[PDB]
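As provided, coords-v8.cif (mmCIF, C-alpha atoms and all ligand atoms) reads as follows.
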data_target
loop_
_atom_site.label_atom_id
_atom_site.label_comp_id
_atom_site.auth_asym_id
_atom_site.auth_seq_id
_atom_site.Cartn_x
_atom_site.Cartn_y
_atom_site.Cartn_z
CA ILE A 1 -18.65 2.25 1.28
CA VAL A 2 -18.64 5.46 3.34
CA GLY A 3 -18.37 5.20 7.13
CA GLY A 4 -17.79 1.46 7.14
CA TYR A 5 -14.99 -0.83 8.29
CA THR A 6 -12.46 -3.27 6.84
CA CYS A 7 -14.36 -6.57 6.50
CA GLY A 8 -11.30 -8.77 6.80
CA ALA A 9 -9.85 -11.02 4.08
CA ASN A 10 -12.55 -13.23 2.56
CA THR A 11 -15.08 -12.63 5.37
CA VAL A 12 -17.75 -11.92 2.71
CA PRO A 13 -17.17 -15.00 0.44
CA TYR A 14 -20.11 -14.23 -1.87
CA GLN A 15 -18.84 -10.75 -2.76
CA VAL A 16 -17.35 -10.51 -6.24
CA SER A 17 -15.78 -7.72 -8.27
CA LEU A 18 -16.82 -7.01 -11.86
CA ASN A 19 -13.70 -6.06 -13.83
CA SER A 20 -13.45 -4.59 -17.33
CA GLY A 21 -9.81 -3.53 -17.19
CA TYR A 22 -10.47 -2.19 -13.69
CA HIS A 23 -13.05 -2.63 -10.91
CA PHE A 24 -16.32 -0.93 -11.86
CA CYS A 25 -19.07 -2.78 -9.94
CA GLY A 26 -19.71 -5.46 -7.35
CA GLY A 27 -21.88 -8.58 -7.44
CA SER A 28 -23.10 -11.53 -5.38
CA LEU A 29 -22.40 -15.20 -6.12
CA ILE A 30 -25.65 -17.20 -5.84
CA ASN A 31 -24.29 -20.53 -7.14
CA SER A 32 -21.08 -21.84 -8.76
CA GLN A 33 -22.04 -20.46 -12.19
CA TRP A 34 -24.17 -17.40 -11.45
CA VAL A 35 -23.77 -13.89 -10.08
CA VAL A 36 -26.43 -11.28 -9.26
CA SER A 37 -25.56 -7.64 -9.97
CA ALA A 38 -27.24 -4.41 -11.11
CA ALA A 39 -28.58 -3.89 -14.63
CA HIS A 40 -26.69 -0.59 -14.87
CA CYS A 41 -23.52 -2.62 -14.33
CA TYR A 42 -23.88 -4.20 -17.78
CA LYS A 43 -20.61 -3.58 -19.60
CA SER A 44 -18.64 -5.23 -22.40
CA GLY A 45 -15.92 -7.77 -21.58
CA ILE A 46 -16.84 -8.46 -17.96
CA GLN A 47 -14.50 -10.62 -15.91
CA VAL A 48 -15.80 -11.76 -12.52
CA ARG A 49 -13.21 -11.73 -9.75
CA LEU A 50 -13.93 -14.05 -6.84
CA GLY A 51 -12.00 -14.64 -3.61
CA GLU A 52 -10.79 -11.03 -3.62
CA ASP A 53 -9.76 -8.85 -0.70
CA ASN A 54 -7.08 -6.46 -1.96
CA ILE A 55 -8.31 -5.86 -5.54
CA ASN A 56 -4.99 -4.31 -6.56
CA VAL A 57 -2.77 -7.24 -5.52
CA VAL A 58 -2.70 -10.98 -6.25
CA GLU A 59 -3.00 -12.56 -2.80
CA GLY A 60 -3.46 -16.22 -3.76
CA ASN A 61 -7.17 -16.95 -3.27
CA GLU A 62 -8.47 -15.32 -6.45
CA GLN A 63 -10.49 -16.86 -9.26
CA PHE A 64 -10.84 -14.76 -12.41
CA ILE A 65 -13.68 -16.04 -14.58
CA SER A 66 -15.12 -14.31 -17.64
CA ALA A 67 -18.83 -13.68 -18.01
CA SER A 68 -20.35 -16.03 -20.60
CA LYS A 69 -23.77 -14.38 -20.38
CA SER A 70 -25.24 -11.14 -18.97
CA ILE A 71 -29.03 -11.08 -18.70
CA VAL A 72 -30.52 -7.72 -17.77
CA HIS A 73 -34.08 -7.83 -16.42
CA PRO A 74 -36.50 -7.57 -19.39
CA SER A 75 -38.33 -4.71 -17.68
CA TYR A 76 -35.23 -2.72 -16.74
CA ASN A 77 -35.75 1.01 -17.27
CA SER A 78 -32.47 2.93 -17.65
CA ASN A 79 -34.23 6.25 -16.93
CA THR A 80 -36.00 5.39 -13.65
CA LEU A 81 -33.70 2.49 -12.70
CA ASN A 82 -36.74 0.28 -12.07
CA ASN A 83 -35.90 -3.46 -12.18
CA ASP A 84 -32.18 -2.76 -11.70
CA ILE A 85 -31.08 -6.40 -11.65
CA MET A 86 -28.80 -8.46 -13.88
CA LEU A 87 -27.73 -12.10 -13.89
CA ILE A 88 -24.21 -13.01 -15.00
CA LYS A 89 -23.24 -16.56 -15.94
CA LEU A 90 -19.62 -17.59 -15.35
CA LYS A 91 -17.87 -19.11 -18.41
CA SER A 92 -16.63 -21.91 -16.14
CA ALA A 93 -17.98 -22.95 -12.74
CA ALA A 94 -16.27 -21.31 -9.77
CA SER A 95 -14.54 -23.51 -7.22
CA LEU A 96 -16.41 -23.22 -3.95
CA UNK A 97 -14.75 -24.38 -0.76
CA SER A 98 -14.54 -21.01 2.85
CA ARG A 99 -13.27 -18.08 0.76
CA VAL A 100 -15.61 -18.41 -2.24
CA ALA A 101 -19.22 -19.24 -1.39
CA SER A 102 -22.75 -18.51 -2.54
CA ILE A 103 -25.32 -16.43 -0.67
CA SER A 104 -28.89 -17.70 -0.27
CA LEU A 105 -31.80 -15.93 -1.94
CA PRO A 106 -34.62 -14.66 0.33
CA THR A 107 -37.79 -16.61 1.08
CA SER A 108 -39.57 -13.40 2.09
CA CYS A 109 -38.91 -9.65 2.12
CA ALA A 110 -37.06 -8.05 5.05
CA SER A 111 -38.92 -5.72 7.41
CA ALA A 112 -37.97 -2.12 8.18
CA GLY A 113 -35.36 -1.94 10.93
CA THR A 114 -33.72 -5.25 10.00
CA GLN A 115 -29.94 -4.82 10.28
CA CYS A 116 -28.01 -5.87 7.18
CA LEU A 117 -24.45 -6.08 5.83
CA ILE A 118 -23.53 -3.92 2.84
CA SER A 119 -20.11 -4.36 1.22
CA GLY A 120 -17.95 -3.22 -1.66
CA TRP A 121 -14.79 -1.57 -3.01
CA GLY A 122 -16.51 1.75 -3.69
CA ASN A 123 -15.60 5.31 -2.67
CA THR A 124 -15.11 5.71 1.09
CA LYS A 125 -15.65 9.48 1.07
CA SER A 126 -18.94 11.40 1.03
CA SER A 127 -17.12 14.48 -0.27
CA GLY A 128 -14.08 13.78 -2.39
CA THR A 129 -12.51 10.56 -3.61
CA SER A 130 -10.77 7.63 -1.92
CA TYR A 131 -10.99 4.08 -3.24
CA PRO A 132 -9.88 1.24 -0.92
CA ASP A 133 -7.56 -1.67 -1.69
CA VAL A 134 -9.46 -4.08 0.57
CA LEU A 135 -13.17 -4.89 0.93
CA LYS A 136 -15.20 -2.49 3.08
CA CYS A 137 -18.26 -3.42 5.15
CA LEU A 138 -21.20 -1.51 6.63
CA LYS A 139 -24.00 -2.50 9.00
CA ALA A 140 -27.19 -0.61 8.10
CA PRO A 141 -30.95 -1.01 8.63
CA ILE A 142 -33.69 -1.46 6.06
CA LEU A 143 -35.79 1.72 6.03
CA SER A 144 -39.55 2.09 5.65
CA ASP A 145 -41.09 2.59 2.22
CA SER A 146 -42.69 5.79 3.56
CA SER A 147 -39.35 7.29 4.65
CA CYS A 148 -37.76 6.19 1.37
CA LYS A 149 -40.47 7.91 -0.69
CA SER A 150 -40.24 11.05 1.46
CA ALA A 151 -36.48 11.16 0.83
CA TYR A 152 -36.92 10.65 -2.93
CA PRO A 153 -40.36 11.98 -4.02
CA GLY A 154 -41.69 10.27 -7.14
CA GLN A 155 -38.57 8.13 -7.61
CA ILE A 156 -39.15 5.04 -5.46
CA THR A 157 -40.86 2.08 -7.16
CA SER A 158 -42.18 -1.14 -5.58
CA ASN A 159 -38.88 -2.75 -6.62
CA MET A 160 -36.65 -0.42 -4.60
CA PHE A 161 -35.95 0.06 -0.90
CA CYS A 162 -33.86 2.44 1.17
CA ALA A 163 -31.27 1.43 3.74
CA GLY A 164 -28.90 3.41 5.93
CA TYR A 165 -28.93 6.32 8.36
CA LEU A 166 -30.82 9.57 7.79
CA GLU A 167 -28.26 11.63 9.74
CA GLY A 168 -25.70 10.81 7.06
CA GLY A 169 -22.16 9.48 7.25
CA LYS A 170 -22.79 5.81 6.40
CA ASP A 171 -23.73 4.65 2.90
CA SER A 172 -22.76 2.77 -0.26
CA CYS A 173 -21.10 4.85 -2.98
CA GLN A 174 -19.64 4.84 -6.52
CA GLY A 175 -17.98 1.50 -7.15
CA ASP A 176 -20.36 -0.40 -4.85
CA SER A 177 -23.18 -0.80 -7.42
CA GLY A 178 -24.29 -4.35 -8.03
CA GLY A 179 -22.95 -5.39 -4.64
CA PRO A 180 -24.84 -7.13 -1.79
CA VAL A 181 -27.11 -6.11 1.07
CA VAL A 182 -27.37 -9.27 3.17
CA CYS A 183 -29.82 -9.58 6.06
CA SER A 184 -29.91 -12.68 8.25
CA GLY A 185 -27.93 -14.67 5.67
CA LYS A 186 -30.19 -13.74 2.74
CA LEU A 187 -29.50 -11.49 -0.26
CA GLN A 188 -32.16 -8.79 0.11
CA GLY A 189 -30.63 -6.00 -1.94
CA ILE A 190 -28.39 -4.87 -4.77
CA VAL A 191 -26.55 -1.53 -4.48
CA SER A 192 -28.31 0.73 -6.98
CA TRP A 193 -28.40 4.53 -6.57
CA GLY A 194 -28.86 7.57 -4.34
CA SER A 195 -28.42 11.33 -4.09
CA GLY A 196 -24.67 11.45 -3.65
CA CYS A 197 -23.29 9.30 -0.83
CA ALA A 198 -23.87 9.42 2.93
CA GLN A 199 -25.72 12.74 2.68
CA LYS A 200 -28.21 13.72 5.38
CA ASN A 201 -31.80 12.73 4.55
CA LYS A 202 -30.56 10.83 1.48
CA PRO A 203 -30.16 7.10 2.30
CA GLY A 204 -28.95 4.64 -0.32
CA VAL A 205 -31.51 3.04 -2.66
CA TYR A 206 -31.33 -0.68 -3.43
CA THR A 207 -32.99 -3.20 -5.74
CA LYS A 208 -35.54 -5.31 -3.84
CA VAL A 209 -34.26 -8.86 -4.48
CA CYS A 210 -37.23 -10.51 -2.71
CA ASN A 211 -39.44 -9.42 -5.65
CA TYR A 212 -37.35 -11.37 -8.19
CA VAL A 213 -36.68 -14.78 -6.64
CA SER A 214 -38.90 -16.72 -9.07
CA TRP A 215 -37.51 -14.82 -12.07
CA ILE A 216 -33.93 -15.40 -10.88
CA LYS A 217 -34.40 -19.16 -10.44
CA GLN A 218 -36.21 -19.62 -13.76
CA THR A 219 -33.82 -17.40 -15.71
CA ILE A 220 -30.71 -19.18 -14.41
CA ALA A 221 -32.33 -22.54 -15.14
CA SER A 222 -33.15 -21.54 -18.72
CA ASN A 223 -29.62 -20.38 -19.61
CA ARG B 1 -27.24 26.87 -28.64
CA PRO B 2 -25.30 25.85 -25.48
CA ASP B 3 -22.28 23.67 -26.25
CA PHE B 4 -22.63 20.40 -24.34
CA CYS B 5 -18.83 20.08 -24.53
CA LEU B 6 -18.54 22.95 -22.04
CA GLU B 7 -20.71 21.33 -19.36
CA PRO B 8 -18.98 19.98 -16.22
CA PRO B 9 -18.69 16.16 -16.05
CA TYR B 10 -21.75 14.46 -14.57
CA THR B 11 -21.36 11.34 -12.41
CA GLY B 12 -25.06 10.77 -11.88
CA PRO B 13 -27.03 8.97 -9.12
CA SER B 14 -26.04 5.35 -9.87
CA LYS B 15 -23.17 3.79 -7.95
CA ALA B 16 -20.90 2.16 -10.52
CA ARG B 17 -17.30 3.39 -10.95
CA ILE B 18 -17.03 3.53 -14.74
CA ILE B 19 -14.18 5.54 -16.22
CA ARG B 20 -15.35 7.89 -18.96
CA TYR B 21 -13.94 10.90 -20.78
CA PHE B 22 -15.17 14.48 -20.78
CA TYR B 23 -13.87 17.53 -22.61
CA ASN B 24 -12.25 19.93 -20.13
CA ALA B 25 -12.47 23.31 -21.88
CA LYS B 26 -10.27 25.00 -19.25
CA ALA B 27 -7.41 22.56 -19.86
CA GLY B 28 -8.18 22.12 -23.56
CA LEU B 29 -8.15 18.33 -23.43
CA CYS B 30 -10.25 15.22 -22.92
CA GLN B 31 -9.92 14.06 -19.32
CA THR B 32 -11.11 11.04 -17.33
CA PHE B 33 -13.86 11.08 -14.68
CA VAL B 34 -16.10 8.67 -12.77
CA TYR B 35 -19.50 7.93 -14.30
CA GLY B 36 -22.07 6.24 -12.05
CA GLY B 37 -23.76 4.29 -14.83
CA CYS B 38 -27.01 6.16 -15.50
CA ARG B 39 -28.40 9.48 -16.75
CA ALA B 40 -25.23 10.32 -18.66
CA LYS B 41 -25.02 13.82 -20.11
CA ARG B 42 -23.44 14.30 -23.54
CA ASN B 43 -19.95 15.35 -22.36
CA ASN B 44 -19.35 11.70 -21.47
CA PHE B 45 -17.35 9.49 -23.84
CA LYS B 46 -16.17 5.89 -23.83
CA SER B 47 -12.77 6.79 -25.29
CA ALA B 48 -10.41 9.73 -25.70
CA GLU B 49 -10.87 9.38 -29.48
CA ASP B 50 -14.67 9.72 -29.27
CA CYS B 51 -14.22 12.73 -27.00
CA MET B 52 -11.74 14.49 -29.30
CA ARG B 53 -13.83 13.77 -32.40
CA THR B 54 -16.94 15.27 -30.79
CA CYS B 55 -15.56 18.06 -28.61
CA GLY B 56 -12.07 18.79 -29.90
CA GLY B 57 -11.59 22.53 -30.30
CA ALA B 58 -14.55 23.52 -28.12
CA CA C 1 -6.41 -9.63 -5.06
CA CA C 2 -7.88 13.34 -16.96
NA NA C 3 -5.63 -8.37 2.39
#

Produce structure tokens that represent the structure in this file.
Amino acid sequence: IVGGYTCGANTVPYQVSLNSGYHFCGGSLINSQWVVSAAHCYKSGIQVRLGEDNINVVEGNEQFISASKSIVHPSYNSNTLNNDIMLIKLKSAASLXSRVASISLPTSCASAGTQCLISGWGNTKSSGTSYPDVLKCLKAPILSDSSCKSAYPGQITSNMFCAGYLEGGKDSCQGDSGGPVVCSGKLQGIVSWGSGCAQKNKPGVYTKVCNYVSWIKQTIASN
Amino acid sequence: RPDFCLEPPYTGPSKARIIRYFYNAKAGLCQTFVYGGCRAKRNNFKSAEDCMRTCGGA
């Protein structure tokens, strides 16, 4: 997260870290046994880390649970990044309390201008490299489909949406993928891609979760 | 033809932080870099062994 702020220990209880020997992606806990992340976050030997703040130190509220299943959307396109969503089943059910909790799925799509919370342990620099120990947060608005398409000609599908600030300086970055974009207590997006990070006229692109609610519910229920 | 082993490492547009290897011709060794998760170029390997086998001596 570039241009954000320190969330505070366990203030984003649904945020998880996907670990494969190190942190490589984020995710959102939707129930005690399931996590929503990005399809490009599929990787061998995933271990989901819940209740994390400082990802480099054992603080006492962590739950490390291996992925028992990783279901990438059947229509995921690795070239265009369309349908960039993946469901991860936890080998054992996570213990939910205040520090480890699920985030509700949306009942409807969020409108342009809606302020949301984006979080993750990704790069905090637009130019260069600096990975944080603790969880970073960013308040950013959903942007119009028209502005998103103008920013990325011929790259935005009906399953993607832009969020952020066109002047640059605030955005999600490498290491944030798969993480949450929560608006009014609902999971509306999954960190997906963008042209660099926090660059002017290049807002972050996110998977439109509101388009997959039925698929998410049915898929979880059938696995 | 152009040697893909001599191309600079490519992170790509996706936002994952996946550690991969690339052959650094200037240093003469396989080094680590951050791959975003999509649109990988060929000078991108999952291990130092894969990198050396493919680009060693480039
Ligand atoms: Ca920790
Ligand atoms: Ca290196
Ligand atoms: Na802490």

If we count all atoms listed in the file, which residues of chain A reach to within 8 Å of chain B? Please list them as an NGL selection string.
:A and (23-25 or 40-41 or 78-79 or 122 or 172-178 or 191-196)

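Residue nearest residue 81 (chain A) within the list A:190, A:133, A:27, A:39: A:39 [criterion: smallest interatomic distance, all atoms listed in the file].
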
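Those DNA, RNA and protein residues that approach the point (-16.4, 7.5, -3.8) to within 8 Å, considering all atoms listed in the file, are residues 1, 2, 122, 123, 124, 125, 126, 127, 128, 129, 130, 131, 173, 174, 175 and 197 of chain A.
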
Within 10 Å of ligand CA 2 (chain C), counting only C-alpha atoms and all ligand atoms, which protein or nucleic acid residues do you find, written as a VMD selection string?
chain B and resid 20 to 24 27 29 to 33 48

Surroundings of ligand NA 3 (chain C) up to 7 Å, based on all atoms listed in the file, as number ranges by chain:
A: 9, 53-54, 134

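Taking only C-alpha atoms and all ligand atoms into account, every polymer residue with at least one atom at most 6 Å away from ligand CA 1 (chain C) is listed here: residues 52, 53, 54, 55, 56, 57, 58 and 59 of chain A.
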
I need the residues from that last selection saved to file as a PDB file, keeping the file's coordinate frame (with C-alpha atoms), if you can.
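Contents of out10.pdb, freshly written:
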ATOM      1  CA  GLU A  52     -10.790 -11.030  -3.620  1.00  0.00           C
ATOM      2  CA  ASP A  53      -9.760  -8.850  -0.700  1.00  0.00           C
ATOM      3  CA  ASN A  54      -7.080  -6.460  -1.960  1.00  0.00           C
ATOM      4  CA  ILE A  55      -8.310  -5.860  -5.540  1.00  0.00           C
ATOM      5  CA  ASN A  56      -4.990  -4.310  -6.560  1.00  0.00           C
ATOM      6  CA  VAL A  57      -2.770  -7.240  -5.520  1.00  0.00           C
ATOM      7  CA  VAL A  58      -2.700 -10.980  -6.250  1.00  0.00           C
ATOM      8  CA  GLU A  59      -3.000 -12.560  -2.800  1.00  0.00           C
TER       9      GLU A  59
END

What's around residue 149 (chain A) at 10 Å? Count all atoms listed in the file, leave out sequence neighbours fewer than 5 positions away in its own chain, and write the answer as a list in words.
residues 144, 154, 155, 156, 157, 160, 161 and 162 of chain A

Using Å and a single decimal, report how far CA of residue 92 (chain A) sits from CA of residue 68 (chain A).
8.3 Å

When you look at residue 86 (chain A) with a cut-off of 7 Å (counting all atoms listed in the file), what residues show up, excluding the ones that are within fewer than 6 positions of it in the same chain? I need them as a ChimeraX atom specification.
/A:36-39,70-73

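Across the structure, CA of residue 77 (chain A) and CA of residue 166 (chain A) are spaced 26.9 Å apart.
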
Could you list, as an MDAnalysis selection string, every residue within 8 Å of residue 10 (chain B), counting all atoms listed in the file and ignoring same-chain residues fewer than 6 positions away?
chainID B and resid 35 40:41 44

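Reported to one decimal place, the separation of CA of residue 6 (chain B) from CA of residue 43 (chain B) is 7.7 Å.
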
Once 8 Å is added on each side, what centre and edge lengths in Å to one decimal does the axis-aligned box around all listed atoms of region 22-29 of chain B have, as AutoDock Vina command-line options?
--center_x -11.3 --center_y 19.7 --center_z -21.4 --size_x 23.8 --size_y 26.5 --size_z 20.3

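Ranking B:8, B:1, B:47, B:42 by their shortest atom-to-atom distance to residue 26 (chain B), with only C-alpha atoms included, puts B:8 first.
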
For residue 217 (chain A): contacts at 12 Å, only C-alpha atoms, fewer than 2 positions along chain excluded, given as a list in words:
residues 30, 31, 34, 35, 36, 87, 104, 105, 106, 209, 210, 211, 212, 213, 214, 215, 219, 220, 221, 222 and 223 of chain A
